[PDB]
>>> print(open('query.cif').read())   # mmCIF, C-alpha atoms and all ligand atoms
data_my_file
loop_
_atom_site.group_PDB
_atom_site.id
_atom_site.type_symbol
_atom_site.label_atom_id
_atom_site.label_comp_id
_atom_site.auth_asym_id
_atom_site.auth_seq_id
_atom_site.Cartn_x
_atom_site.Cartn_y
_atom_site.Cartn_z
ATOM 1 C CA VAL X 1 -10.308 6.111 4.465
ATOM 2 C CA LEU X 2 -8.013 3.132 4.016
ATOM 3 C CA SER X 3 -4.445 3.466 2.927
ATOM 4 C CA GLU X 4 -3.205 1.850 -0.240
ATOM 5 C CA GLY X 5 -1.450 -0.799 1.837
ATOM 6 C CA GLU X 6 -4.627 -1.629 3.727
ATOM 7 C CA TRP X 7 -6.525 -2.073 0.450
ATOM 8 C CA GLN X 8 -3.793 -4.352 -0.781
ATOM 9 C CA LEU X 9 -4.111 -6.536 2.275
ATOM 10 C CA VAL X 10 -7.892 -6.631 1.831
ATOM 11 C CA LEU X 11 -7.575 -7.664 -1.763
ATOM 12 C CA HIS X 12 -4.809 -10.206 -1.024
ATOM 13 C CA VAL X 13 -7.106 -12.134 1.246
ATOM 14 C CA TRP X 14 -10.046 -11.593 -1.053
ATOM 15 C CA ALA X 15 -8.193 -13.472 -3.816
ATOM 16 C CA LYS X 16 -8.126 -16.452 -1.465
ATOM 17 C CA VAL X 17 -11.919 -16.212 -1.072
ATOM 18 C CA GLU X 18 -12.238 -16.213 -4.774
ATOM 19 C CA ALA X 19 -10.589 -19.694 -5.015
ATOM 20 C CA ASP X 20 -13.763 -21.103 -3.549
ATOM 21 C CA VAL X 21 -16.541 -18.522 -3.373
ATOM 22 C CA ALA X 22 -19.330 -20.971 -2.827
ATOM 23 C CA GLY X 23 -17.620 -22.708 0.069
ATOM 24 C CA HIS X 24 -16.735 -19.420 1.805
ATOM 25 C CA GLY X 25 -20.303 -18.220 1.340
ATOM 26 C CA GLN X 26 -21.700 -21.319 2.970
ATOM 27 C CA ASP X 27 -19.442 -21.090 5.927
ATOM 28 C CA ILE X 28 -20.239 -17.383 6.387
ATOM 29 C CA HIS X 29 -24.019 -17.924 6.326
ATOM 30 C CA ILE X 30 -23.764 -20.966 8.616
ATOM 31 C CA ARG X 31 -21.692 -18.885 11.080
ATOM 32 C CA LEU X 32 -24.085 -16.010 10.886
ATOM 33 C CA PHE X 33 -27.160 -18.205 11.415
ATOM 34 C CA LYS X 34 -25.514 -20.013 14.398
ATOM 35 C CA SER X 35 -24.227 -16.877 16.073
ATOM 36 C CA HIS X 36 -27.350 -14.807 15.388
ATOM 37 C CA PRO X 37 -30.374 -16.952 14.773
ATOM 38 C CA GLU X 38 -32.680 -13.991 14.359
ATOM 39 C CA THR X 39 -31.067 -13.229 10.995
ATOM 40 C CA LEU X 40 -32.245 -16.535 9.518
ATOM 41 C CA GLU X 41 -35.756 -15.764 10.794
ATOM 42 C CA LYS X 42 -35.551 -12.828 8.420
ATOM 43 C CA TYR X 43 -34.935 -14.796 5.264
ATOM 44 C CA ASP X 44 -38.213 -16.252 3.980
ATOM 45 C CA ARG X 45 -36.358 -18.261 1.404
ATOM 46 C CA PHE X 46 -34.152 -20.015 4.038
ATOM 47 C CA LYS X 47 -35.948 -19.910 7.347
ATOM 48 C CA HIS X 48 -37.049 -23.578 6.882
ATOM 49 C CA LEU X 49 -33.450 -24.760 7.289
ATOM 50 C CA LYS X 50 -33.197 -26.519 10.629
ATOM 51 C CA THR X 51 -29.767 -28.113 10.916
ATOM 52 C CA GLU X 52 -26.229 -27.266 9.759
ATOM 53 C CA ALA X 53 -26.187 -30.202 7.369
ATOM 54 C CA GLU X 54 -29.459 -29.021 5.749
ATOM 55 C CA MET X 55 -27.853 -25.592 5.395
ATOM 56 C CA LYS X 56 -24.735 -27.108 3.707
ATOM 57 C CA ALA X 57 -26.931 -29.204 1.400
ATOM 58 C CA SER X 58 -29.113 -26.377 0.158
ATOM 59 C CA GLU X 59 -28.246 -25.499 -3.379
ATOM 60 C CA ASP X 60 -30.302 -22.364 -3.019
ATOM 61 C CA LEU X 61 -28.395 -21.067 -0.019
ATOM 62 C CA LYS X 62 -25.107 -21.982 -1.746
ATOM 63 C CA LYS X 63 -26.109 -19.919 -4.792
ATOM 64 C CA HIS X 64 -27.178 -16.976 -2.597
ATOM 65 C CA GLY X 65 -23.743 -16.994 -0.878
ATOM 66 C CA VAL X 66 -22.104 -16.620 -4.263
ATOM 67 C CA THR X 67 -24.402 -13.674 -5.076
ATOM 68 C CA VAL X 68 -23.597 -11.981 -1.684
ATOM 69 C CA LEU X 69 -19.846 -12.450 -1.992
ATOM 70 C CA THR X 70 -19.689 -11.500 -5.646
ATOM 71 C CA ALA X 71 -21.407 -8.181 -4.765
ATOM 72 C CA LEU X 72 -19.105 -7.590 -1.787
ATOM 73 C CA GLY X 73 -16.083 -8.494 -3.817
ATOM 74 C CA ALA X 74 -16.980 -5.953 -6.542
ATOM 75 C CA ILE X 75 -17.361 -3.354 -3.822
ATOM 76 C CA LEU X 76 -14.042 -4.017 -2.162
ATOM 77 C CA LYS X 77 -12.204 -3.975 -5.507
ATOM 78 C CA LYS X 78 -13.327 -0.300 -5.996
ATOM 79 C CA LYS X 79 -11.268 0.667 -2.879
ATOM 80 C CA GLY X 80 -13.878 3.050 -1.504
ATOM 81 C CA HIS X 81 -15.061 4.347 -4.903
ATOM 82 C CA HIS X 82 -18.171 2.199 -4.668
ATOM 83 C CA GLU X 83 -21.267 4.449 -4.925
ATOM 84 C CA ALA X 84 -22.451 2.849 -8.186
ATOM 85 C CA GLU X 85 -22.184 -0.604 -6.636
ATOM 86 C CA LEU X 86 -23.589 0.264 -3.223
ATOM 87 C CA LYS X 87 -26.673 2.222 -4.152
ATOM 88 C CA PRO X 88 -28.768 -0.559 -5.539
ATOM 89 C CA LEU X 89 -27.745 -2.779 -2.647
ATOM 90 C CA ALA X 90 -28.903 -0.152 -0.207
ATOM 91 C CA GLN X 91 -32.111 0.252 -2.120
ATOM 92 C CA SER X 92 -33.014 -3.357 -1.904
ATOM 93 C CA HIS X 93 -31.862 -3.994 1.611
ATOM 94 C CA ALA X 94 -33.569 -0.881 3.041
ATOM 95 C CA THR X 95 -36.840 -1.059 1.110
ATOM 96 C CA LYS X 96 -37.436 -4.698 0.262
ATOM 97 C CA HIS X 97 -35.512 -6.937 2.633
ATOM 98 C CA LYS X 98 -35.576 -4.444 5.614
ATOM 99 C CA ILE X 99 -32.119 -5.357 6.930
ATOM 100 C CA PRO X 100 -30.936 -3.240 9.847
ATOM 101 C CA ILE X 101 -27.316 -2.062 10.074
ATOM 102 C CA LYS X 102 -26.842 -4.315 13.064
ATOM 103 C CA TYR X 103 -27.386 -7.424 10.860
ATOM 104 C CA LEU X 104 -24.599 -6.058 8.572
ATOM 105 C CA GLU X 105 -22.384 -5.939 11.667
ATOM 106 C CA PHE X 106 -23.274 -9.538 12.336
ATOM 107 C CA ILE X 107 -22.303 -10.768 8.823
ATOM 108 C CA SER X 108 -19.097 -8.691 8.962
ATOM 109 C CA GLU X 109 -18.217 -10.573 12.147
ATOM 110 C CA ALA X 110 -19.007 -13.891 10.289
ATOM 111 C CA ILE X 111 -16.760 -12.897 7.417
ATOM 112 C CA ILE X 112 -13.840 -12.102 9.637
ATOM 113 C CA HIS X 113 -14.306 -15.398 11.578
ATOM 114 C CA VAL X 114 -14.345 -17.472 8.300
ATOM 115 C CA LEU X 115 -11.392 -15.768 6.779
ATOM 116 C CA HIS X 116 -9.349 -16.266 9.965
ATOM 117 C CA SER X 117 -10.455 -19.906 10.154
ATOM 118 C CA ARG X 118 -9.480 -20.728 6.566
ATOM 119 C CA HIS X 119 -6.506 -18.433 5.919
ATOM 120 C CA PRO X 120 -4.707 -17.679 9.157
ATOM 121 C CA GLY X 121 -1.352 -17.182 7.535
ATOM 122 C CA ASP X 122 -2.759 -14.534 5.274
ATOM 123 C CA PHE X 123 -5.093 -13.035 7.877
ATOM 124 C CA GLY X 124 -3.000 -11.912 10.749
ATOM 125 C CA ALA X 125 -3.591 -8.828 12.935
ATOM 126 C CA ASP X 126 -2.737 -6.281 10.211
ATOM 127 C CA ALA X 127 -4.902 -7.911 7.541
ATOM 128 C CA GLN X 128 -7.765 -8.298 9.994
ATOM 129 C CA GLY X 129 -7.436 -4.653 10.904
ATOM 130 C CA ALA X 130 -7.582 -3.667 7.155
ATOM 131 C CA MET X 131 -10.599 -5.878 6.504
ATOM 132 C CA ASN X 132 -12.348 -4.477 9.578
ATOM 133 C CA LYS X 133 -11.820 -0.996 8.202
ATOM 134 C CA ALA X 134 -13.096 -1.959 4.728
ATOM 135 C CA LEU X 135 -16.219 -3.459 6.133
ATOM 136 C CA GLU X 136 -16.709 -0.541 8.498
ATOM 137 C CA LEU X 137 -16.567 1.746 5.451
ATOM 138 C CA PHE X 138 -19.094 -0.395 3.606
ATOM 139 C CA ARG X 139 -21.521 -0.263 6.625
ATOM 140 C CA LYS X 140 -21.003 3.523 7.121
ATOM 141 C CA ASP X 141 -21.757 4.245 3.459
ATOM 142 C CA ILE X 142 -24.755 1.837 3.350
ATOM 143 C CA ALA X 143 -26.159 3.460 6.478
ATOM 144 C CA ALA X 144 -26.013 6.960 4.802
ATOM 145 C CA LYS X 145 -27.809 5.559 1.799
ATOM 146 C CA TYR X 146 -30.468 3.955 3.951
ATOM 147 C CA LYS X 147 -31.113 7.424 5.506
ATOM 148 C CA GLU X 148 -31.273 9.102 2.115
ATOM 149 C CA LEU X 149 -34.055 6.601 1.233
ATOM 150 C CA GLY X 150 -35.948 7.265 4.407
ATOM 151 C CA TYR X 151 -34.877 4.084 6.334
ATOM 152 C CA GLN X 152 -33.382 4.611 9.820
ATOM 153 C CA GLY X 153 -32.269 0.821 10.298
HETATM 154 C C1 LIG U 201 -22.057 -8.082 3.074
HETATM 155 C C2 LIG U 201 -23.390 -7.877 3.194
HETATM 156 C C3 LIG U 201 -24.370 -8.137 2.143
HETATM 157 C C4 LIG U 201 -24.307 -8.185 0.793
HETATM 158 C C5 LIG U 201 -23.074 -7.828 -0.040
HETATM 159 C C6 LIG U 201 -25.576 -8.617 0.291
HETATM 160 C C7 LIG U 201 -25.918 -8.803 -1.050
HETATM 161 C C8 LIG U 201 -27.112 -9.258 -1.487
HETATM 162 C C9 LIG U 201 -27.452 -9.409 -2.870
HETATM 163 C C10 LIG U 201 -26.436 -9.096 -3.977
HETATM 164 C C11 LIG U 201 -28.704 -9.891 -2.922
HETATM 165 C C12 LIG U 201 -29.533 -10.170 -4.159
HETATM 166 C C13 LIG U 201 -29.924 -8.857 -4.797
HETATM 167 C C14 LIG U 201 -30.738 -7.955 -3.911
HETATM 168 O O1 LIG U 201 -31.881 -8.283 -3.603
HETATM 169 O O2 LIG U 201 -30.249 -6.901 -3.524
HETATM 170 C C15 LIG U 201 -29.208 -10.001 -1.623
HETATM 171 C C16 LIG U 201 -30.477 -10.443 -1.261
HETATM 172 C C17 LIG U 201 -30.787 -10.607 0.085
HETATM 173 N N1 LIG U 201 -30.171 -10.126 1.192
HETATM 174 FE FE1 LIG U 201 -28.374 -9.468 1.264
HETATM 175 N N2 LIG U 201 -26.407 -8.835 1.340
HETATM 176 C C18 LIG U 201 -25.757 -8.581 2.457
HETATM 177 C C19 LIG U 201 -26.182 -8.700 3.807
HETATM 178 C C20 LIG U 201 -27.405 -9.277 4.195
HETATM 179 C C21 LIG U 201 -27.750 -9.711 5.499
HETATM 180 C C22 LIG U 201 -26.863 -9.575 6.672
HETATM 181 C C23 LIG U 201 -29.023 -10.219 5.468
HETATM 182 C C24 LIG U 201 -29.657 -10.708 6.703
HETATM 183 C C25 LIG U 201 -30.914 -10.765 6.816
HETATM 184 C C26 LIG U 201 -29.488 -10.101 4.130
HETATM 185 C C27 LIG U 201 -30.668 -10.518 3.583
HETATM 186 C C28 LIG U 201 -30.925 -10.600 2.208
HETATM 187 C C29 LIG U 201 -32.181 -11.193 1.753
HETATM 188 C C30 LIG U 201 -33.366 -11.674 2.649
HETATM 189 C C31 LIG U 201 -32.128 -11.210 0.391
HETATM 190 C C32 LIG U 201 -33.148 -11.707 -0.556
HETATM 191 C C33 LIG U 201 -32.910 -13.217 -0.767
HETATM 192 C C34 LIG U 201 -33.998 -13.851 -1.585
HETATM 193 O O3 LIG U 201 -35.126 -14.067 -1.113
HETATM 194 O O4 LIG U 201 -33.720 -14.141 -2.748
HETATM 195 N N3 LIG U 201 -28.449 -9.521 3.342
HETATM 196 N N4 LIG U 201 -28.254 -9.528 -0.705
#
>>> encode(input="query.cif", output="structure tokens")
Amino acid sequence: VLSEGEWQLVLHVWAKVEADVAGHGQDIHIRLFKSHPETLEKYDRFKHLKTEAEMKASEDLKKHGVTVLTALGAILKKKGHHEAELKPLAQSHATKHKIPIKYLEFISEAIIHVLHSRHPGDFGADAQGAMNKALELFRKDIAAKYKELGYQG
């Protein structure tokens, strides 16, 4: 459970993301795919991308980043009251995409790294701590949904 203050810090930095969602999304995917190359292997639509400049140039990957962040943004703005937003996400990611919880840990790490890189003066130790907790909550709740659907990833 996050405090009200924690949620405010989360949402304060999120508003910075929303000034350039596409650019944040690109940087997060590029970070994820560099740090954990197996995740890219998992995306049939993107696994052909061989270099960082190809990744940055892909309109399709840029659009997907906006989709990912828009969904995460809508989740965070519910401040933990996110069942209606999380369920379909769990459904797809468990049953269609087959994404294990550990890949969600990887992209959470990517998010935190990008936000710190771009917004250090609004992403100090307390804001990082709040965002860590929000993303932990997201992963905990997605994991319970995966189990409910029969997926132990
Ligand atoms: C913050 C975490 C995440 C969010 C909010 C998110 C959100 C989304 C959304 C909204 C879509 C499109 C709708 C859908 O199919 O459900 C999508 C598709 C996808 N997700 Fe995620 N996702 C997340 C993490 C990941 C990670 C870590 C992977 C790593 C493999 C992944 C792989 C995919 C794939 C393969 C698709 C389908 C893309 C396509 O072929 O069009 N997701 N995700």
>>> resolve_selection(input="query.cif", expression="the PyMOL selection byres (((chain X and resi 26) around 9) and not hetatm)", output="MDAnalysis selection string")
chainID X and resid 21:25 27:31 55:56 61:62 64:66
>>> resolve_selection(input="query.cif", expression="the PyMOL selection byres (((chain X and resi 124-132) around 6) and not hetatm)", output="VMD selection string")
chain X and resid 6 9 to 10 123 133 to 136
>>> residues_near_ligand(input="query.cif", ligand="ligand LIG 201 (chain U)", cutoff="9 Å", atoms="all atoms listed in the file", output="JSON, numbers by chain")
{"X": [29, 32, 38, 39, 40, 41, 42, 43, 44, 45, 46, 60, 64, 65, 66, 67, 68, 69, 70, 71, 72, 73, 75, 86, 88, 89, 90, 91, 92, 93, 96, 97, 98, 99, 100, 101, 102, 103, 104, 105, 106, 107, 108, 111, 135, 138, 139]}
>>> axis_aligned_box(input="query.cif", around="stretch 105-112 of chain X", padding_each_side="8 Å", output="lines of an AutoDock Vina configuration file")
center_x = -18.6
center_y = -9.9
center_z = 9.9
size_x = 25.4
size_y = 24.0
size_z = 20.9
>>> atom_distance(input="query.cif", atom1="atom CA of residue X:37", atom2="atom CA of residue X:140")
23.8 Å
>>> closest_residue(input="query.cif", among="X:113, X:87, X:147, X:77", to="residue X:14", atoms="only C-alpha atoms")
X:77
>>> closest_residue(input="query.cif", among="X:50, X:34, X:145, X:119", to="residue X:84", atoms="all atoms listed in the file")
X:145
>>> atom_distance(input="query.cif", atom1="atom CA of residue X:142", atom2="atom CA of residue X:8")
22.2 Å
>>> closest_residue(input="query.cif", among="X:51, X:95, X:35, X:58", to="residue X:153", atoms="all atoms listed in the file")
X:95
>>> resolve_selection(input="query.cif", expression="the PyMOL selection byres (((chain X and resi 79) around 9) and not hetatm)", output="NGL selection string")
:X and (2 or 4 or 7 or 75-78 or 80-82 or 134)
>>> closest_residue(input="query.cif", among="X:1, X:149, X:94, X:114", to="residue X:137", atoms="all atoms listed in the file")
X:1
>>> atom_distance(input="query.cif", atom1="atom CA of residue X:109", atom2="atom CA of residue X:47")
20.6 Å
